[PDB]
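Below is one structure, written out as structure tokens; comments come after it.
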Amino acid sequence: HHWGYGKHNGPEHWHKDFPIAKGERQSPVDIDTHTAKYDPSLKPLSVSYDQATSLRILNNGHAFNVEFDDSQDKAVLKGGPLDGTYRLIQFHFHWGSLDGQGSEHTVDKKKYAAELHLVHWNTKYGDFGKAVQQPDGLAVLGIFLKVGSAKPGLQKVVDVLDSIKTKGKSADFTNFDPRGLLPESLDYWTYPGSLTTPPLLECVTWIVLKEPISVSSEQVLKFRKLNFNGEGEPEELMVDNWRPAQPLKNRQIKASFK
Ligand SMILES: NS(=O)(=O)c1ccc(C(=O)NCc2c(F)cccc2F)cc1
Ligand SMILES: [Hg+2]
Ligand SMILES: [Zn+2]
């Protein structure tokens with residue numbers, strides 16, 4: 001049936017319907033800090049989210065996405081290893097059933113409690129659908145979440161989760177500022193990869209921030225109360241919706257710092 005994160009339809013089965021799962025540039029990967037190459041020609045990241053217009057938050061059965069209006073250059077990502085402008089279309093998280101797991105990428109094999117993905121698409125391609133048919137169509141900003149103190153900027157997201165408990169449910173979510181989810185430093189690692197969920201298209205330039213943000217135990221607890229199932233079906237808690245790290249193969253992870 002449809003792919004999932006369970007025993008019978010999880011990551012290890014995806015290859016059957018999406019053969020690209022065993023490709024050459026799959027994500028996520030483990031970031032070996034001692035092997036990453038400091039590249040002094042990498043420009044600083046430019047995050048312009050001052051004009052961001054959030055619209056809706058939705059539970060799609062795999063995670064919850066906060067969608068933005070990408071009809072024009074309102075919230076964009078430029079600089080870093082990117083060429084051209086990339087528009088923010090949505091952000092979502094991957095998290096675990098326990099605090100010691102949840103992130104997709106790992107640093108020196110270390111797993112974080114969750115990982116935030118800010119999905120952007122290259123404006124040169126006209127629309128998101130075209131962008132996903134190109135090796136440089138997407139840019140995803142990956143941010144790690146570690147359990148500690150509450151992140152004020154995340155609370156609005158946490159408060160609306162009750163409204164979208166089950167698959168298919170959505171709630172209007174305007175005036176949310178994504179800048180409140182950013183760590184203080186924009187230092188990062190970057191490597192060419194893919195979507196971490198089917199169809200696993202290899203169209204992504206991954207930019208993983210070095211500094212993680214802190215969220216309270218109660219904040220991530222609320223993520224865990226979401227459901228994979230739709231209303232009226234047997235309850236399956238939405239936890240551990242992350243894909244294990246893939247082989248790096250012939251790729252180099254570059255760092256923007258030393
Ligand atoms: N975890 S992650 O790598 O950042 C990521 C980001 C975006 C998407 C997505 O937009 N799905 C849409 C989509 C389809 F549903 C079908 C075909 C192409 C797509 F882009 C999936 C995974
Ligand atoms: Hg592609
Ligand atoms: Zn993701």
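Labels used: A, B, ... for chains in the order of the structure tokens, numbers from 1 for residues in each chain, and numbers from 1 for ligands as shown.
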Applying 10 Å and only C-alpha atoms, which residues near residue 190 in chain A remain after dropping the ones on its own chain fewer than 3 positions away? List them as a compact mmCIF listing (two decimals) with N, CA, C and O atoms, in the first residue's frame.
# COMPACT_ATOMS: atom_id res chain seq x y z
N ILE A 31 27.07 13.46 8.56
CA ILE A 31 28.07 14.49 8.34
C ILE A 31 29.31 14.21 9.21
O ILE A 31 29.28 14.37 10.44
N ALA A 36 34.60 16.75 6.19
CA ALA A 36 34.02 17.85 5.44
C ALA A 36 35.16 18.78 5.02
O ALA A 36 36.16 18.93 5.74
N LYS A 37 35.04 19.39 3.84
CA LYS A 37 36.06 20.28 3.35
C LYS A 37 35.65 21.74 3.47
O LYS A 37 34.62 22.17 2.93
N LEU A 42 32.77 29.62 -0.62
CA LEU A 42 31.35 29.52 -0.33
C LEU A 42 30.91 30.86 0.24
O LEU A 42 31.50 31.35 1.20
N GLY A 80 25.40 31.47 -0.30
CA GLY A 80 25.84 30.13 0.04
C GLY A 80 26.30 29.44 -1.23
O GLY A 80 26.99 30.06 -2.04
N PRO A 81 25.96 28.15 -1.42
CA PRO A 81 26.35 27.40 -2.63
C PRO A 81 25.32 27.56 -3.76
O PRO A 81 25.42 26.91 -4.79
N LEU A 141 16.84 23.97 3.66
CA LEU A 141 17.63 24.44 4.79
C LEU A 141 17.28 23.47 5.91
O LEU A 141 16.12 23.33 6.26
N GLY A 142 18.28 22.74 6.41
CA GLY A 142 18.06 21.79 7.48
C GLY A 142 18.55 22.34 8.80
O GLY A 142 19.70 22.80 8.91
N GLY A 193 21.98 16.32 -2.83
CA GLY A 193 21.26 15.15 -2.37
C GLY A 193 19.86 15.00 -2.96
O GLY A 193 19.60 15.37 -4.11
N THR A 205 19.83 20.69 -3.16
CA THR A 205 21.10 21.19 -2.65
C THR A 205 20.79 21.33 -1.17
O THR A 205 19.92 22.11 -0.76
N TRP A 206 21.41 20.48 -0.38
CA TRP A 206 21.18 20.50 1.03
C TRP A 206 22.11 21.49 1.71
O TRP A 206 23.31 21.52 1.42
N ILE A 207 21.55 22.27 2.63
CA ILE A 207 22.29 23.26 3.41
C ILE A 207 21.89 22.96 4.86
O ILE A 207 20.78 23.25 5.29
N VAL A 208 22.78 22.30 5.60
CA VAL A 208 22.50 21.93 6.98
C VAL A 208 23.25 22.87 7.91
O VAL A 208 24.46 22.96 7.85
N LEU A 209 22.51 23.56 8.77
CA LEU A 209 23.13 24.51 9.70
C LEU A 209 23.87 23.82 10.83
O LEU A 209 23.41 22.81 11.37
N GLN A 252 31.10 14.99 -1.76
CA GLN A 252 31.92 15.69 -0.80
C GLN A 252 31.00 16.66 -0.05
O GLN A 252 30.16 17.33 -0.66
N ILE A 253 31.08 16.64 1.28
CA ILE A 253 30.31 17.56 2.10
C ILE A 253 31.28 18.71 2.33
O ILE A 253 32.41 18.50 2.78
N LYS A 254 30.86 19.92 1.96
CA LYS A 254 31.69 21.09 2.13
C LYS A 254 31.19 21.88 3.33
O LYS A 254 29.99 21.84 3.63
N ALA A 255 32.09 22.54 4.05
CA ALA A 255 31.72 23.36 5.20
C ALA A 255 32.05 24.81 4.89
O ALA A 255 33.03 25.10 4.17
N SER A 256 31.22 25.73 5.38
CA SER A 256 31.42 27.16 5.15
C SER A 256 32.24 27.78 6.27
O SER A 256 32.40 29.00 6.32
**Contacts to ligand 1 at 9 Å cut-off (only C-alpha atoms and all ligand atoms) as JSON, numbers by chain** = {"A": [27, 28, 89, 90, 91, 92, 93, 94, 104, 116, 117, 118, 119, 120, 128, 129, 131, 132, 133, 138, 139, 140, 141, 142, 193, 194, 195, 196, 197, 198, 199, 200, 201, 204, 206, 242, 243]}
File of the preceding selection, C-alpha atoms, as a short mmCIF file (atom, residue, chain, number, x, y, z; two decimals), in the first residue's frame:
data_model
loop_
_atom_site.label_atom_id
_atom_site.label_comp_id
_atom_site.auth_asym_id
_atom_site.auth_seq_id
_atom_site.Cartn_x
_atom_site.Cartn_y
_atom_site.Cartn_z
CA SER A 27 19.66 11.86 1.51
CA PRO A 28 19.96 12.12 4.37
CA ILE A 89 7.18 26.96 -0.32
CA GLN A 90 6.86 25.00 2.92
CA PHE A 91 8.55 23.80 6.07
CA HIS A 92 8.04 20.58 8.08
CA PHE A 93 9.78 18.48 10.72
CA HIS A 94 10.99 14.93 11.23
CA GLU A 104 17.44 12.62 9.46
CA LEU A 116 13.35 21.19 10.56
CA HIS A 117 13.31 21.37 6.75
CA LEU A 118 12.66 24.71 5.02
CA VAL A 119 11.88 23.76 1.42
CA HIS A 120 12.69 26.23 -1.38
CA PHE A 128 7.69 23.79 -8.05
CA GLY A 129 6.62 20.95 -10.32
CA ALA A 131 11.85 22.52 -10.31
CA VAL A 132 11.63 18.88 -9.22
CA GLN A 133 12.70 17.66 -12.67
CA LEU A 138 15.46 22.58 -4.77
CA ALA A 139 17.30 23.99 -1.77
CA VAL A 140 16.33 22.71 1.68
CA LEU A 141 17.63 24.44 4.79
CA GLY A 142 18.06 21.79 7.48
CA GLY A 193 21.26 15.15 -2.37
CA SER A 194 17.58 14.27 -2.63
CA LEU A 195 14.09 14.45 -1.04
CA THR A 196 14.10 12.19 2.05
CA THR A 197 10.61 10.87 1.33
CA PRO A 198 9.21 9.20 -1.80
CA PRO A 199 9.52 9.95 -4.70
CA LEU A 200 13.08 10.61 -3.41
CA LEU A 201 13.94 12.82 -6.41
CA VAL A 204 18.21 19.00 -3.80
CA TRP A 206 21.18 20.50 1.03
CA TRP A 242 12.64 9.92 9.62
CA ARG A 243 14.71 8.04 7.01
#
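Shortest separation to ligand 3 among A:114, A:82, A:52, A:107 occurs at residue A:114, atoms counted being only C-alpha atoms and all ligand atoms.
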**Request:** Quick one: pull the distance between CA of residue 48 in chain A and CA of residue 154 in chain A, Å, one decimal.
**Result:** 18.9 Å
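Comparing the minimum interatomic distances between ligand 3 and each of A:108, A:115, A:32, A:50, counting only C-alpha atoms and all ligand atoms, we find that A:115 sits nearest.
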**Asked** For ligand 3, which of A:63, A:238, A:221, A:150 is the closest residue, counting only C-alpha atoms and all ligand atoms?
**Response** A:63
**Message:** Can you tell me which residues surround residue 214 in chain A at a distance of at most 8 Å, considering only C-alpha atoms, apart from same-chain residues fewer than 5 positions away, and format the answer as number ranges by chain?
**Reply:** A: 145-151
Prev. selection, N, CA and C atoms, output as a short mmCIF file (atom, residue, chain, number, x, y, z; two decimals), in the first residue's frame:
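Once everything was written out, this is out.cif:
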data_model
loop_
_atom_site.label_atom_id
_atom_site.label_comp_id
_atom_site.auth_asym_id
_atom_site.auth_seq_id
_atom_site.Cartn_x
_atom_site.Cartn_y
_atom_site.Cartn_z
N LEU A 145 17.07 20.17 16.00
CA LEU A 145 16.38 20.54 17.24
C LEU A 145 16.90 19.63 18.34
N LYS A 146 17.33 20.23 19.44
CA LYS A 146 17.82 19.49 20.61
C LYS A 146 16.90 19.88 21.75
N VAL A 147 16.67 18.96 22.67
CA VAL A 147 15.79 19.22 23.81
C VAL A 147 16.52 20.05 24.88
N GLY A 148 15.89 21.15 25.27
CA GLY A 148 16.46 22.04 26.26
C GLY A 148 15.43 23.06 26.66
N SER A 149 15.69 24.32 26.36
CA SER A 149 14.75 25.38 26.72
C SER A 149 13.79 25.60 25.58
N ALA A 150 12.63 26.16 25.90
CA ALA A 150 11.61 26.43 24.91
C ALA A 150 12.06 27.44 23.88
N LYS A 151 11.58 27.26 22.65
CA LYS A 151 11.86 28.18 21.55
C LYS A 151 10.53 28.94 21.41
#
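On the backbone of this structure, DSSP gives helix (DSSP H, G or I) within range 37-205 of chain A to residues 123, 124, 125, 128, 129, 130, 131, 152, 153, 154, 155, 156, 157, 158, 159, 160, 161, 162, 163, 164, 178, 179, 180 and 181 of chain A.
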**Residue set, range 40-216 of chain A restricted to strand (DSSP E), as a ChimeraX atom specification** = /A:45-48,54-59,64-68,76-79,86-95,106-107,114-122,138-147,170-172,188-193,204-209,213-215
**Message:** Which residues are near range 96-101 of chain A? Cut-off 6 Å, only C-alpha atoms, ignore same chain within fewer than 6 positions. Put them as a ChimeraX atom specification.
**Reply:** /A:111-113,239-240
Go ahead and dump the residues you just picked, C-alpha atoms, as a PDB file, in the first residue's frame.
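Result saved to selection.pdb:
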ATOM      1  CA  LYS A 111      21.117  12.021  16.217  1.00  0.00           C
ATOM      2  CA  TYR A 112      19.128  15.049  17.369  1.00  0.00           C
ATOM      3  CA  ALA A 113      15.499  15.022  18.643  1.00  0.00           C
ATOM      4  CA  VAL A 239       6.598   9.439  15.565  1.00  0.00           C
ATOM      5  CA  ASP A 240       9.915   8.392  14.065  1.00  0.00           C
TER       6      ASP A 240
END
**Message:** If we count only C-alpha atoms and set the cut-off at 6 Å, which residues sit around residue 86 in chain A, ignoring sequence neighbours fewer than 4 positions away in its own chain? Please answer as a PyMOL selection string.
**Reply:** chain A and resi 76-77+120-123
Could the residues in this selection be written to a file with N, CA, C and O atoms, as an mmCIF file, in the first residue's frame?
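Listed below is the output, part28.cif:
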data_model
loop_
_atom_site.group_PDB
_atom_site.id
_atom_site.type_symbol
_atom_site.label_atom_id
_atom_site.label_comp_id
_atom_site.auth_asym_id
_atom_site.auth_seq_id
_atom_site.Cartn_x
_atom_site.Cartn_y
_atom_site.Cartn_z
ATOM 1 N N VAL A 76 12.815 34.443 0.394
ATOM 2 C CA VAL A 76 13.790 33.783 -0.459
ATOM 3 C C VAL A 76 15.111 33.423 0.198
ATOM 4 O O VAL A 76 15.454 33.946 1.257
ATOM 5 N N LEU A 77 15.831 32.509 -0.450
ATOM 6 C CA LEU A 77 17.138 32.041 0.002
ATOM 7 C C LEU A 77 18.090 32.240 -1.179
ATOM 8 O O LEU A 77 17.736 31.945 -2.320
ATOM 9 N N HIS A 120 12.684 25.134 -0.410
ATOM 10 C CA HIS A 120 12.692 26.234 -1.384
ATOM 11 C C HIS A 120 12.875 25.674 -2.792
ATOM 12 O O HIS A 120 13.493 24.627 -2.963
ATOM 13 N N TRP A 121 12.403 26.400 -3.803
ATOM 14 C CA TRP A 121 12.566 25.964 -5.194
ATOM 15 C C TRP A 121 13.135 27.079 -6.048
ATOM 16 O O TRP A 121 12.856 28.256 -5.841
ATOM 17 N N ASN A 122 13.994 26.687 -6.971
ATOM 18 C CA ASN A 122 14.678 27.598 -7.870
ATOM 19 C C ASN A 122 13.704 28.332 -8.799
ATOM 20 O O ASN A 122 13.074 27.716 -9.659
ATOM 21 N N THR A 123 13.626 29.656 -8.651
ATOM 22 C CA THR A 123 12.718 30.495 -9.438
ATOM 23 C C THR A 123 12.894 30.408 -10.956
ATOM 24 O O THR A 123 11.942 30.620 -11.710
#
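For the residues A:166, A:251, A:157, A:246, ranking by smallest atom-to-atom distance to residue 11 in chain A using only C-alpha atoms places A:246 first.
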**Message:** Report as JSON, numbers by chain all protein, DNA and RNA residues lying within 9 Å of residue 14 in chain A, evaluated on only C-alpha atoms, omitting residues in the same chain fewer than 4 positions from it.
**Reply:** {"A": [3, 4, 9, 10, 18, 19, 21, 197, 198, 199]}
Give me a file of those residues, with C-alpha atoms, as a PDB file, in the first residue's frame.
ATOM      1  CA  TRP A   3       4.622   4.157   1.747  1.00  0.00           C
ATOM      2  CA  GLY A   4       5.093   4.900   5.431  1.00  0.00           C
ATOM      3  CA  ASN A   9       6.056   0.015   4.373  1.00  0.00           C
ATOM      4  CA  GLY A  10       9.017   1.820   5.898  1.00  0.00           C
ATOM      5  CA  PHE A  18      10.837   4.045  -6.028  1.00  0.00           C
ATOM      6  CA  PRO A  19      13.979   2.431  -7.391  1.00  0.00           C
ATOM      7  CA  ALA A  21      16.016   4.932  -3.358  1.00  0.00           C
ATOM      8  CA  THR A 197      10.612  10.866   1.333  1.00  0.00           C
ATOM      9  CA  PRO A 198       9.215   9.197  -1.802  1.00  0.00           C
ATOM     10  CA  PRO A 199       9.515   9.949  -4.702  1.00  0.00           C
TER      11      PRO A 199
END
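Residue nearest residue 103 in chain A, chosen from A:174, A:241, A:250, A:85 and counting only C-alpha atoms: A:241.
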